[PDB]
2 protein chains.
Amino acid sequence: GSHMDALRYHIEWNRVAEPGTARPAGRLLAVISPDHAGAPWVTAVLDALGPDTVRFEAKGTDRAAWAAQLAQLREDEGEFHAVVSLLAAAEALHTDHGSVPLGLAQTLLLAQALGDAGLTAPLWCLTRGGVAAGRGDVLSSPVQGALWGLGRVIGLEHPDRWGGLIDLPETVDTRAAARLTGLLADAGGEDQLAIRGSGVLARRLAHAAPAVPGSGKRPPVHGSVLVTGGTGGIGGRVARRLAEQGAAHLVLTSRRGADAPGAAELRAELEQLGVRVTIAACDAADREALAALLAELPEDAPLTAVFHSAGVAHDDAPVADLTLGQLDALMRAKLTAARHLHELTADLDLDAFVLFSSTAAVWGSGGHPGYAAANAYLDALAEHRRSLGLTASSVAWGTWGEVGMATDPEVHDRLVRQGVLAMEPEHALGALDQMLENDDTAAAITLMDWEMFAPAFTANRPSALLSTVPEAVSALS
Amino acid sequence: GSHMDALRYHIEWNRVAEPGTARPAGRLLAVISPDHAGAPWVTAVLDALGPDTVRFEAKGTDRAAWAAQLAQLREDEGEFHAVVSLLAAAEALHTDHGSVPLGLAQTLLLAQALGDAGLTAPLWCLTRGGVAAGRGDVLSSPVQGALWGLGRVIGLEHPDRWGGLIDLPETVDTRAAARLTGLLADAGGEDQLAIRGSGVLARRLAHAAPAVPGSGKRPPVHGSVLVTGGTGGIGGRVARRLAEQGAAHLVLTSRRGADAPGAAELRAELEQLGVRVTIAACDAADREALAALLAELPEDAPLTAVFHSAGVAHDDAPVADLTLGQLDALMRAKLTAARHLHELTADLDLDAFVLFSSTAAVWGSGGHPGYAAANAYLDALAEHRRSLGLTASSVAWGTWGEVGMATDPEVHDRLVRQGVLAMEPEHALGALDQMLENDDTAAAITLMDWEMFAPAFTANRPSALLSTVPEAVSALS
Ligand SMILES: NC(=O)c1ccc[n+]([C@@H]2O[C@H](COP(=O)([O-])OP(=O)(O)OC[C@H]3O[C@@H](n4cnc5c(N)ncnc54)[C@H](OP(=O)(O)O)[C@@H]3O)[C@@H](O)[C@H]2O)c1
Ligand SMILES: NC(=O)c1ccc[n+]([C@@H]2O[C@H](COP(=O)([O-])OP(=O)(O)OC[C@H]3O[C@@H](n4cnc5c(N)ncnc54)[C@H](OP(=O)(O)O)[C@@H]3O)[C@@H](O)[C@H]2O)c1
Ligand SMILES: CCC(=O)[C@@H](C)C(=O)SCCNC(=O)CCNC(=O)[C@H](O)C(C)(C)CO
Ligand SMILES: CCC(=O)[C@@H](C)C(=O)SCCNC(=O)CCNC(=O)[C@H](O)C(C)(C)CO
């Protein structure tokens with residue numbers, strides 16, 4: 001019980017002190033995506049930054065061209081107090097990389113090209129409705145939410161030229177503008193911020209409250225349950241659990257399907273438990289294949305839940321190196337697949353819609369920008385779905401033992417050294433069931449050694465995020 | 001800043017499980033105050049407990065007579081599943097002890113007489129509007145609120161025959177009744193509960209929100225400020241602070257007034273800071289003297305704030321021993337004085353109405369039932385005043401160093417050994433200002449060693465209260 005409780009953490013937002021009322025002394029550089037500069041919040045921000053602010057229009061996605069343009073600007077215009085990116089407004093998918101929002105691609109390349117050009121002014125990435133901050137906040141853009149995943153990794157990899165992330169309110173009035181320009185002047189060590197009418201909120205990680213025994217509001221598991229990546233490590237273990245809890249029919253998918261290693265043994269396992277088993281080969285980013293799968297479900301066993309476990313973590317790279325192709329391949333099973341899943345099942349009144357995220361999206365991991373972005377999309381999509389009145393849960397896993405991605409010893413060793421320890425599957429799954437019985441929207445489930453993790457995480461840069469974890473605070477004293 | 005944040009804690013109420021649907025197997029004993037059994041909620045509870053429930057009418061306040069009656073009842077009727085007290089409905093002040101609500105007197109004597117008689121069934125004390133539980137809840141009876149202070153100490157001193165405290169809703173309908181009889185059957189380890197229309201809530205302690213400059217909009221300190229107990233330890237330090245922050249005129253009161261030890265030095269201190277000082281000898285329970293003090297304030301310096309620091313903690317005693325006389329002397333400067341202060345200033349539109357409480361009222365302290373009751377009144381009165389649209393704050397201090405009650409070394413040693421550490425006055429006052437800047441209604445301000453405190457506090461009995469303090473959870477794991 002308390003073993004599972006100890007695994008569960010929650011992102012929350014605390015009010016922080018009002019900033020000062022002077023705009024920065026030095027000049028700002030504002031980066032705009034020229035075909036996506038029309039949104040009201042972009043206009044309001046440009047107006048708040050004032051006419052002295054230099055504007056750079058980021059056209060297309062050409063790293064070398066931008067580097068040369070930025071170098072010229074630095075030469076001509078001198079040094080900047082900060083760089084303020086409005087590239088998040090470009091939500092349309094990149095025409096050559098169908099799983100990458102244009103704004104996300106352009107933000108990556110901007111971070112690369114600023115380094116290339118030696119423009120060292122701290123980079124601030126602005127979004128509008130990419131987080132749910134404050135009671136009753138509406139996360140209106142899960143695409144912009146992905147950009148926070150990337151941003152946190154930029155802060156780990158380039159801490160000395162990263163400013164942070166600020167989410168703007170729906171209405172950027174004079175209060176909100178003064179709060180924005182104040183933070184850009186000095187942010188008081190905060191770097192993950194939401195501006196809202198009631199004040200300025202900052203992102204915090206906290207222990208979740210211990211499960212209240214006997215208090216579950218989870219519907220019984222029944223009918224058909226789709227587990228994407230269901231032939232993989234965590235997915236198989238999740239499929240078994242669901243079978244024990246009363247699913248009538250488990251639909252497992254993956255690109256390899258019945259050819260996936262271990263698939264024949266997993267099917268026989270599930271059939272011993274008295275469950276119908278369908279194992280289908282198909283890319284979760286393929287909308288038509290998903291539709292066809294849902295259309296052929298038994299009339300006796302309609303879809304009641306989705307567990308999205310499809311994902312890859314390999315072929316990622318440092319921010320300074322990551323290509324748009326590698327980014328696309330990392331986003332595919334996460335952004336594109338989850339969006340299909342959401343759209344195809346929105347009208348089905350599901351009991352559960354569970355997205356498997358990662359701690360790489362909670363606090364960030366160096367070397368894993370694309371994976372962090374892709375999983376940050378899932379967290380944001382769950383908040384978005386709740387605002388529409390749909391069920392959703394995003395579970396950001398730490399490291400599993402025994403099965404799945406993280407059982408390579410070299411990977412394992414790296415993680416244990418950072419203090420992200422391998423969970424026993426029974427404990428991880430038990431903590432998941434607690435989350436689902438509480439009907440939480442988003443949680444991290446992870447076994448930590450804070451005495452290892454906190455000093456490693458904050459070596460280069462303090463983290464206000466962790467100020468609300470007493471073990472982290474205590475490690476750093 | 002964050003050091004002062006770390007001193008501040010906040011009582012909150014979280015939803016817990018719906019209880020079961022079976023009435024207790026064994027028979028209940030219901031204790032009623034015969035002249036005060038008319039209230040609607042008392043009738044509704046008696047009806048919910050059903051006709052099999054044995055009734056005991058607690059007449060007067062005679063410990064020995066009740067002990068003999070209870071012994072007879074046990075003889076005749078057997079042992080009981082639990083004892084359900086409805087004595088809180090007696091809000092009228094005791095005829096012989098003008099600071100003691102009759103119900104509070106009778107609850108003490110009941111807890112004493114049950115022990116005397118060897119009735120071991122867990123004692124549950126019911127109240128109606130004695131806490132503010134849930135958003136927009138109205139604490140309508142601060143007198144009944146005092147009973148929760150006493151109750152928590154009964155739980156520390158007699159953990160094996162204490163059930164707990166349950167606050168009923170305004171309307172005890174069938175849902176509320178089934179919730180009550182379900183909790184009496186099995187409370188799932190909870191012992192501080194509120195039944196409301198939306199469900200069952202339980203009492204929780206959390207770290208308070210970090211300071212945000214000017215959020216509660218505290219007005220500037222100005223005009224005349226009354227500090228009762230102003231010649232005493234904390235009071236004098238509070239007077240000094242207010243003088244530094246621009247009070248025009250400090251009115252310090254105590255029973256000894258200008259004869260109080262150190263009073264001539266404190267006057268000179270405050271006057272060096274440019275403040276006018278009035279020191280009056282004045283029992284804060286004397287309504288007429290307080291009225292005369294308020295009537296003589298200059299029109300150029302009207303009353304703007306009250307800081308209620310009057311109080312005694314000595315000559316308390318264990319629950320088993322405490323007399324009504326001792327109880328009266330502890331309640332006097334708290335209940336009676338605060339009530340006068342509330343009534344005489346209700347129409348003055350104060351900027352601040354600040355009551356000095358104790359952690360003895362937050363979580364309880366063995367050997368200090370009378371003090372805990374008296375201070376729990378202050379917490380409840382602050383919530384009550386907020387429901388009326390009046391300003392109020394209750395500050396439940398831990399232990400001060402340097403000045404005041406707790407500076408005796410053997411007392412100090414006992415506290416340090418329980419993990420309640422002595423605060424530096426500047427840090428305690430800094431935390432108070434944070435609380436007043438946020439305009440919080442109730443907070444505890446205390447320096448804790450949770451690794452010492454949690455195991456000592458829960459040695460004999462678990463505490464759900466502390467499950468929401470991660471340092472407590474970690475100490476116990
Ligand atoms: N293991 C951990 O410690 C951990 C920590 C954080 C988060 N996670 C998340 O948990 C989930 C499960 O991870 P795991 O450890 O079970 O990894 P795994 O054993 O590699 O399983 C991943 C599954 O996703 C499938 N997949 C990959 N891309 C797909 C696509 N486009 N369409 C459909 N299926 C696809 C894979 O099969 P094919 O290759 O045959 O398609 C595989 O069955 C992942 O989303 C991962 O991001 C895991
Ligand atoms: N010190 C702590 O660590 C701590 C912890 C929790 C709570 N508190 C609370 O903080 C407040 C101040 O405590 P302290 O440590 O400053 O103790 P203190 O030095 O004894 O101050 C108490 C003051 O109250 C006065 N007083 C007592 N009964 C009174 C009455 N009936 N009418 C008017 N004045 C009366 C006393 O003076 P006379 O005797 O001359 O009346 C004295 O000036 C108290 O309410 C106490 O319960 C203190
Ligand atoms: C690679 C497989 C995978 O799922 C991984 C990326 C994840 O689940 S993330 C878990 C690994 N690490 C983290 O979550 C914490 C990263 N934190 C760290 O403390 C690193 O030392 C810093 C200093 C921040 C450099 O990145
Ligand atoms: C006596 C001066 C005074 O103000 C004191 C009573 C107060 O401020 S209350 C603070 C003293 N102690 C407490 O708050 C903690 C009580 N906690 C404890 O852990 C006790 O050891 C238990 C085991 C519960 C028995 O009472």
# chains A, B, ... in the order shown; residues from 1 in each chain; ligands from 1

$ select_by_dssp --residues "region 48-247 of chain A" --states "strand (DSSP E or B)" --output "PyMOL selection string"
chain A and resi 54-57+82-85+93-94+97-101+123-128+162-168+192-196+199-207+224-228

$ interface_residues --of "chain A" --to "chain B" --cutoff "8 Å" --atoms "only C-alpha atoms" --output "PDB file with N, CA, C and O atoms, in the first residue's frame"
ATOM      1  N   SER A   2       1.679   1.405   1.025  1.00  0.00           N
ATOM      2  CA  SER A   2       2.477   2.609   1.165  1.00  0.00           C
ATOM      3  C   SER A   2       3.705   2.531   0.257  1.00  0.00           C
ATOM      4  O   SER A   2       4.228   3.559  -0.165  1.00  0.00           O
ATOM      5  N   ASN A  14       2.050  26.617  -8.130  1.00  0.00           N
ATOM      6  CA  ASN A  14       1.957  27.507  -6.975  1.00  0.00           C
ATOM      7  C   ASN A  14       2.086  28.947  -7.437  1.00  0.00           C
ATOM      8  O   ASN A  14       2.899  29.244  -8.315  1.00  0.00           O
ATOM      9  N   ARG A  15       1.376  29.858  -6.783  1.00  0.00           N
ATOM     10  CA  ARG A  15       1.567  31.273  -7.055  1.00  0.00           C
ATOM     11  C   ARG A  15       2.933  31.744  -6.561  1.00  0.00           C
ATOM     12  O   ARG A  15       3.454  31.224  -5.576  1.00  0.00           O
ATOM     13  N   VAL A  16       3.611  32.522  -7.402  1.00  0.00           N
ATOM     14  CA  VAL A  16       4.888  33.101  -7.038  1.00  0.00           C
ATOM     15  C   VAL A  16       4.810  34.625  -7.054  1.00  0.00           C
ATOM     16  O   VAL A  16       3.770  35.202  -7.388  1.00  0.00           O
ATOM     17  N   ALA A  17       5.847  35.266  -6.528  1.00  0.00           N
ATOM     18  CA  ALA A  17       5.773  36.694  -6.223  1.00  0.00           C
ATOM     19  C   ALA A  17       5.701  37.474  -7.524  1.00  0.00           C
ATOM     20  O   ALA A  17       6.195  37.012  -8.558  1.00  0.00           O
ATOM     21  N   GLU A  18       4.952  38.570  -7.499  1.00  0.00           N
ATOM     22  CA  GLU A  18       4.815  39.450  -8.656  1.00  0.00           C
ATOM     23  C   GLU A  18       6.183  39.991  -9.058  1.00  0.00           C
ATOM     24  O   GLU A  18       6.961  40.410  -8.216  1.00  0.00           O
ATOM     25  N   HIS A 207       4.904  15.016  -3.905  1.00  0.00           N
ATOM     26  CA  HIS A 207       4.319  13.719  -3.558  1.00  0.00           C
ATOM     27  C   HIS A 207       2.814  13.761  -3.727  1.00  0.00           C
ATOM     28  O   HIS A 207       2.168  14.683  -3.248  1.00  0.00           O
ATOM     29  N   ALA A 209      -0.920  12.546  -2.551  1.00  0.00           N
ATOM     30  CA  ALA A 209      -1.478  12.120  -1.271  1.00  0.00           C
ATOM     31  C   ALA A 209      -1.694  10.608  -1.299  1.00  0.00           C
ATOM     32  O   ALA A 209      -2.027  10.051  -2.339  1.00  0.00           O
ATOM     33  N   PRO A 210      -1.377   9.935  -0.185  1.00  0.00           N
ATOM     34  CA  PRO A 210      -1.605   8.503  -0.059  1.00  0.00           C
ATOM     35  C   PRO A 210      -3.037   8.126  -0.398  1.00  0.00           C
ATOM     36  O   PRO A 210      -3.939   8.938  -0.203  1.00  0.00           O
ATOM     37  N   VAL A 212      -6.613   6.788  -0.460  1.00  0.00           N
ATOM     38  CA  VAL A 212      -7.591   6.530   0.592  1.00  0.00           C
ATOM     39  C   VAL A 212      -8.248   5.162   0.377  1.00  0.00           C
ATOM     40  O   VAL A 212      -8.939   4.950  -0.616  1.00  0.00           O
ATOM     41  N   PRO A 213      -7.983   4.212   1.281  1.00  0.00           N
ATOM     42  CA  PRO A 213      -8.525   2.860   1.112  1.00  0.00           C
ATOM     43  C   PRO A 213     -10.050   2.874   0.982  1.00  0.00           C
ATOM     44  O   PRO A 213     -10.719   3.711   1.603  1.00  0.00           O
ATOM     45  N   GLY A 214     -10.572   2.024   0.104  1.00  0.00           N
ATOM     46  CA  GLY A 214     -12.010   1.770   0.014  1.00  0.00           C
ATOM     47  C   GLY A 214     -12.790   2.835  -0.744  1.00  0.00           C
ATOM     48  O   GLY A 214     -14.009   2.898  -0.646  1.00  0.00           O
ATOM     49  N   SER A 215     -12.084   3.673  -1.498  1.00  0.00           N
ATOM     50  CA  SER A 215     -12.636   4.943  -1.966  1.00  0.00           C
ATOM     51  C   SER A 215     -12.598   5.017  -3.479  1.00  0.00           C
ATOM     52  O   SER A 215     -12.623   6.100  -4.045  1.00  0.00           O
ATOM     53  N   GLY A 216     -12.492   3.869  -4.132  1.00  0.00           N
ATOM     54  CA  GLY A 216     -12.301   3.840  -5.573  1.00  0.00           C
ATOM     55  C   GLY A 216     -13.570   4.218  -6.309  1.00  0.00           C
ATOM     56  O   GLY A 216     -14.669   3.797  -5.931  1.00  0.00           O
ATOM     57  N   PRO A 470      10.460  17.439  -0.300  1.00  0.00           N
ATOM     58  CA  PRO A 470      11.318  17.692   0.863  1.00  0.00           C
ATOM     59  C   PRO A 470      12.632  16.926   0.813  1.00  0.00           C
ATOM     60  O   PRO A 470      13.661  17.429   1.259  1.00  0.00           O
TER      61      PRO A 470
END

$ atom_distance --atom1 "CA of residue 86 (chain A)" --atom2 "CA of residue 63 (chain A)"
17.4 Å

$ closest_residue --among "B:347, B:437, B:316, B:286" --to "ligand 2" --atoms "only C-alpha atoms and all ligand atoms"
B:286

$ closest_atom_pairs --of "chain B" --to "ligand 4" --cutoff "6 Å" --atoms "only C-alpha atoms and all ligand atoms" --output "CSV"
residue,atom,partner,partner_atom_place_in_ligand_line,distance
B:156,CA,ligand 4,24 (C),5.4
B:313,CA,ligand 4,1 (C),5.9
B:358,CA,ligand 4,8 (O),5.2
B:359,CA,ligand 4,14 (O),4.8
B:360,CA,ligand 4,9 (S),4.0
B:364,CA,ligand 4,16 (C),5.8
B:365,CA,ligand 4,16 (C),4.0
B:366,CA,ligand 4,26 (O),3.2
B:398,CA,ligand 4,8 (O),5.1
B:399,CA,ligand 4,8 (O),5.6
B:406,CA,ligand 4,2 (C),5.4
B:415,CA,ligand 4,11 (C),5.8
B:418,CA,ligand 4,19 (O),5.2
B:453,CA,ligand 4,19 (O),5.6
B:456,CA,ligand 4,19 (O),4.7
B:457,CA,ligand 4,19 (O),3.7

$ calpha_fit_rmsd --fixed "chain A" --moving "chain B"
0.5 Å

$ residues_near_ligand --ligand "ligand 1" --cutoff "7 Å" --atoms "only C-alpha atoms and all ligand atoms" --output "number ranges by chain"
A: 228-235, 253-257, 260, 282-285, 309-313, 332-333, 356-359, 396-400, 403-406

$ write_last_selection --atoms "N, CA, C and O atoms" --output "compact mmCIF listing (two decimals), in the first residue's frame"
# COMPACT_ATOMS: atom_id res chain seq x y z
N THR A 228 -2.30 -0.55 -27.14
CA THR A 228 -1.30 -0.33 -28.18
C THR A 228 0.09 -0.56 -27.59
O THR A 228 0.31 -0.32 -26.39
N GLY A 229 1.00 -1.09 -28.40
CA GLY A 229 2.25 -1.64 -27.88
C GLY A 229 2.03 -2.81 -26.94
O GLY A 229 2.82 -3.04 -26.01
N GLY A 230 0.91 -3.50 -27.13
CA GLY A 230 0.44 -4.48 -26.15
C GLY A 230 1.27 -5.75 -26.12
O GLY A 230 1.13 -6.58 -25.21
N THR A 231 2.10 -5.92 -27.15
CA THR A 231 3.04 -7.03 -27.23
C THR A 231 4.39 -6.71 -26.61
O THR A 231 5.26 -7.58 -26.51
N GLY A 232 4.60 -5.44 -26.27
CA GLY A 232 5.86 -5.00 -25.66
C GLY A 232 5.89 -5.29 -24.17
O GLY A 232 5.01 -6.00 -23.65
N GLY A 233 6.88 -4.74 -23.48
CA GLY A 233 7.17 -5.13 -22.10
C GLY A 233 6.06 -4.75 -21.14
O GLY A 233 5.43 -5.62 -20.50
N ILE A 234 5.83 -3.46 -20.98
CA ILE A 234 4.84 -2.98 -20.04
C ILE A 234 3.46 -3.38 -20.51
O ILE A 234 2.62 -3.80 -19.71
N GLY A 235 3.26 -3.27 -21.82
CA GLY A 235 1.98 -3.57 -22.44
C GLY A 235 1.46 -4.97 -22.14
O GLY A 235 0.30 -5.13 -21.80
N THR A 253 -1.93 -4.39 -30.06
CA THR A 253 -1.33 -3.97 -31.32
C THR A 253 0.15 -3.63 -31.19
O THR A 253 0.65 -3.27 -30.12
N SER A 254 0.81 -3.70 -32.34
CA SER A 254 2.18 -3.25 -32.49
C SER A 254 2.47 -3.37 -33.98
O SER A 254 1.68 -3.97 -34.71
N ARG A 255 3.58 -2.79 -34.44
CA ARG A 255 3.92 -2.85 -35.86
C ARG A 255 4.17 -4.31 -36.31
O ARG A 255 3.71 -4.72 -37.38
N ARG A 256 4.73 -5.12 -35.42
CA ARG A 256 5.05 -6.51 -35.74
C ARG A 256 3.88 -7.47 -35.46
O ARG A 256 3.85 -8.60 -35.94
N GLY A 257 2.98 -7.07 -34.56
CA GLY A 257 1.84 -7.88 -34.19
C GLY A 257 2.20 -9.27 -33.71
O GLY A 257 2.96 -9.44 -32.75
N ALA A 260 5.75 -10.29 -33.13
CA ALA A 260 6.57 -9.67 -32.08
C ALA A 260 7.14 -10.78 -31.21
O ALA A 260 6.49 -11.79 -30.98
N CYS A 282 -0.14 -3.39 -36.74
CA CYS A 282 -0.41 -2.11 -37.36
C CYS A 282 0.20 -0.97 -36.60
O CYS A 282 0.29 -0.97 -35.35
N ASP A 283 0.65 0.00 -37.38
CA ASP A 283 1.22 1.22 -36.87
C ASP A 283 0.12 2.03 -36.21
O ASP A 283 -0.89 2.34 -36.85
N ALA A 284 0.32 2.41 -34.96
CA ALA A 284 -0.69 3.17 -34.23
C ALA A 284 -0.90 4.57 -34.82
O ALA A 284 -1.95 5.16 -34.62
N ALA A 285 0.06 5.05 -35.61
CA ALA A 285 -0.12 6.30 -36.36
C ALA A 285 -0.98 6.16 -37.63
O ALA A 285 -1.25 7.15 -38.31
N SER A 309 0.42 2.25 -25.03
CA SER A 309 1.77 1.85 -24.60
C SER A 309 2.77 1.83 -25.76
O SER A 309 3.93 1.53 -25.56
N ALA A 310 2.29 2.07 -26.97
CA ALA A 310 3.16 2.17 -28.13
C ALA A 310 4.16 3.30 -27.91
O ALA A 310 3.80 4.37 -27.46
N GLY A 311 5.42 3.05 -28.24
CA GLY A 311 6.44 4.09 -28.18
C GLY A 311 7.82 3.56 -28.46
O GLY A 311 8.08 2.38 -28.31
N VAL A 312 8.68 4.43 -28.96
CA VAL A 312 10.11 4.15 -29.05
C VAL A 312 10.89 5.28 -28.40
O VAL A 312 10.37 6.40 -28.28
N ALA A 313 12.06 4.95 -27.87
CA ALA A 313 12.95 5.94 -27.26
C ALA A 313 14.30 6.02 -27.93
O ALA A 313 15.06 6.94 -27.67
N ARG A 332 5.91 10.06 -33.74
CA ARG A 332 4.90 9.29 -34.46
C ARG A 332 3.95 8.49 -33.55
O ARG A 332 2.73 8.54 -33.73
N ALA A 333 4.49 7.59 -32.75
CA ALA A 333 3.62 6.71 -31.95
C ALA A 333 2.97 7.45 -30.79
O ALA A 333 2.15 6.87 -30.06
N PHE A 356 0.65 6.36 -21.73
CA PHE A 356 1.88 6.05 -21.05
C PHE A 356 2.96 7.06 -21.43
O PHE A 356 3.57 6.98 -22.50
N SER A 357 3.25 7.94 -20.48
CA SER A 357 4.23 8.99 -20.63
C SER A 357 5.50 8.57 -19.91
O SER A 357 5.70 7.38 -19.63
N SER A 358 6.38 9.53 -19.62
CA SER A 358 7.68 9.25 -19.04
C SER A 358 8.07 10.41 -18.12
O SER A 358 7.72 11.56 -18.38
N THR A 359 8.93 10.12 -17.15
CA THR A 359 9.55 11.18 -16.37
C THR A 359 10.41 12.11 -17.22
O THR A 359 10.63 13.25 -16.83
N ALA A 396 3.18 9.14 -16.15
CA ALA A 396 4.58 9.31 -16.49
C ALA A 396 5.43 8.34 -15.68
O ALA A 396 5.79 8.60 -14.53
N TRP A 397 5.81 7.24 -16.33
CA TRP A 397 6.58 6.20 -15.69
C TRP A 397 8.00 6.64 -15.49
O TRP A 397 8.58 7.32 -16.34
N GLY A 398 8.57 6.28 -14.34
CA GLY A 398 10.00 6.21 -14.17
C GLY A 398 10.59 5.04 -14.94
O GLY A 398 10.52 5.00 -16.18
N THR A 399 11.34 4.21 -14.25
CA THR A 399 12.04 3.11 -14.88
C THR A 399 11.43 1.81 -14.39
O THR A 399 11.32 1.60 -13.19
N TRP A 400 10.99 0.96 -15.31
CA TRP A 400 10.52 -0.38 -14.96
C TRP A 400 11.70 -1.35 -14.90
O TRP A 400 12.53 -1.39 -15.82
N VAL A 403 10.88 -6.01 -17.36
CA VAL A 403 10.38 -5.96 -18.73
C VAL A 403 10.53 -4.56 -19.28
O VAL A 403 10.71 -3.60 -18.52
N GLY A 404 10.66 -4.49 -20.60
CA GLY A 404 10.55 -3.24 -21.34
C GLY A 404 11.89 -2.61 -21.67
O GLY A 404 12.93 -3.25 -21.59
N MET A 405 11.84 -1.33 -21.98
CA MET A 405 12.93 -0.63 -22.68
C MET A 405 14.20 -0.60 -21.84
O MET A 405 15.28 -0.34 -22.37
N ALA A 406 14.02 -0.53 -20.52
CA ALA A 406 15.08 -0.06 -19.63
C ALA A 406 15.84 -1.21 -19.00
O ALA A 406 16.60 -1.00 -18.07

$ closest_residue --among "B:293, B:452, B:459, B:372" --to "ligand 2" --atoms "only C-alpha atoms and all ligand atoms"
B:372

$ atom_distance --atom1 "CA of residue 263 (chain B)" --atom2 "CA of residue 279 (chain B)"
8.3 Å

$ residues_around --residues "residue 53 (chain A)" --least-positions-apart "6" --cutoff "8 Å" --atoms "only C-alpha atoms" --output "VMD selection string"
chain A and resid 27 to 30

$ residues_around --residues "region 94-99 of chain A" --least-positions-apart "4" --cutoff "8 Å" --atoms "only C-alpha atoms" --output "list in words"
residues 105, 324, 325, 328, 329, 331, 332, 335 and 336 of chain A

$ select_by_dssp --residues "region 179-398 of chain B" --states "alpha helix (DSSP H)" --output "VMD selection string"
chain B and resid 179 to 185 233 to 244 263 to 272 287 to 295 324 to 331 337 to 345 369 to 387

$ residues_around --residues "residue 271 (chain B)" --least-positions-apart "6" --cutoff "12 Å" --atoms "only C-alpha atoms" --output "list in words"
residues 239, 240, 243, 244, 247, 248, 249, 250, 264, 265, 277 and 278 of chain B

$ write_last_selection --atoms "N, CA, C and O atoms" --output "mmCIF file, in the first residue's frame"
data_model
loop_
_atom_site.group_PDB
_atom_site.id
_atom_site.type_symbol
_atom_site.label_atom_id
_atom_site.label_comp_id
_atom_site.auth_asym_id
_atom_site.auth_seq_id
_atom_site.Cartn_x
_atom_site.Cartn_y
_atom_site.Cartn_z
ATOM 1 N N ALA B 239 4.370 44.009 19.264
ATOM 2 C CA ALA B 239 4.247 45.469 19.411
ATOM 3 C C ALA B 239 5.410 46.183 18.726
ATOM 4 O O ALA B 239 5.207 47.176 18.041
ATOM 5 N N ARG B 240 6.620 45.689 18.950
ATOM 6 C CA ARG B 240 7.819 46.260 18.346
ATOM 7 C C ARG B 240 7.740 46.214 16.829
ATOM 8 O O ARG B 240 8.078 47.177 16.160
ATOM 9 N N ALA B 243 5.318 48.722 15.530
ATOM 10 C CA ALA B 243 5.915 50.041 15.655
ATOM 11 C C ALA B 243 6.862 50.335 14.495
ATOM 12 O O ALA B 243 6.781 51.393 13.895
ATOM 13 N N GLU B 244 7.685 49.354 14.133
ATOM 14 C CA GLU B 244 8.612 49.489 13.007
ATOM 15 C C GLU B 244 7.856 49.682 11.689
ATOM 16 O O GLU B 244 8.346 50.348 10.769
ATOM 17 N N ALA B 247 2.684 51.756 12.871
ATOM 18 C CA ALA B 247 1.553 52.000 13.761
ATOM 19 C C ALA B 247 1.723 53.376 14.409
ATOM 20 O O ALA B 247 2.807 53.716 14.863
ATOM 21 N N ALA B 248 0.640 54.137 14.503
ATOM 22 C CA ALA B 248 0.695 55.427 15.163
ATOM 23 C C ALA B 248 0.625 55.302 16.676
ATOM 24 O O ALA B 248 1.220 56.096 17.402
ATOM 25 N N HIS B 249 -0.035 54.258 17.161
ATOM 26 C CA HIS B 249 -0.435 54.206 18.561
ATOM 27 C C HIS B 249 -0.676 52.756 18.940
ATOM 28 O O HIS B 249 -1.370 52.047 18.228
ATOM 29 N N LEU B 250 0.115 52.271 19.882
ATOM 30 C CA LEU B 250 -0.010 50.905 20.359
ATOM 31 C C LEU B 250 -0.650 50.907 21.733
ATOM 32 O O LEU B 250 -0.253 51.680 22.617
ATOM 33 N N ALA B 264 8.263 49.110 31.574
ATOM 34 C CA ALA B 264 8.891 50.419 31.429
ATOM 35 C C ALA B 264 9.933 50.408 30.311
ATOM 36 O O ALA B 264 9.930 51.299 29.466
ATOM 37 N N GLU B 265 10.652 49.294 30.182
ATOM 38 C CA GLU B 265 11.636 49.107 29.114
ATOM 39 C C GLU B 265 10.970 48.938 27.737
ATOM 40 O O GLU B 265 11.447 49.459 26.723
ATOM 41 N N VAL B 277 2.373 55.217 22.972
ATOM 42 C CA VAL B 277 2.136 53.980 23.692
ATOM 43 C C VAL B 277 1.148 54.193 24.826
ATOM 44 O O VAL B 277 1.287 55.125 25.643
ATOM 45 N N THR B 278 0.134 53.339 24.859
ATOM 46 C CA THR B 278 -0.771 53.263 25.991
ATOM 47 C C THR B 278 -0.669 51.864 26.570
ATOM 48 O O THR B 278 -0.734 50.874 25.837
#

$ residues_around --residues "residue 367 (chain A)" --least-positions-apart "3" --cutoff "8 Å" --atoms "only C-alpha atoms" --output "ChimeraX atom specification"
/A:153,157,316-319
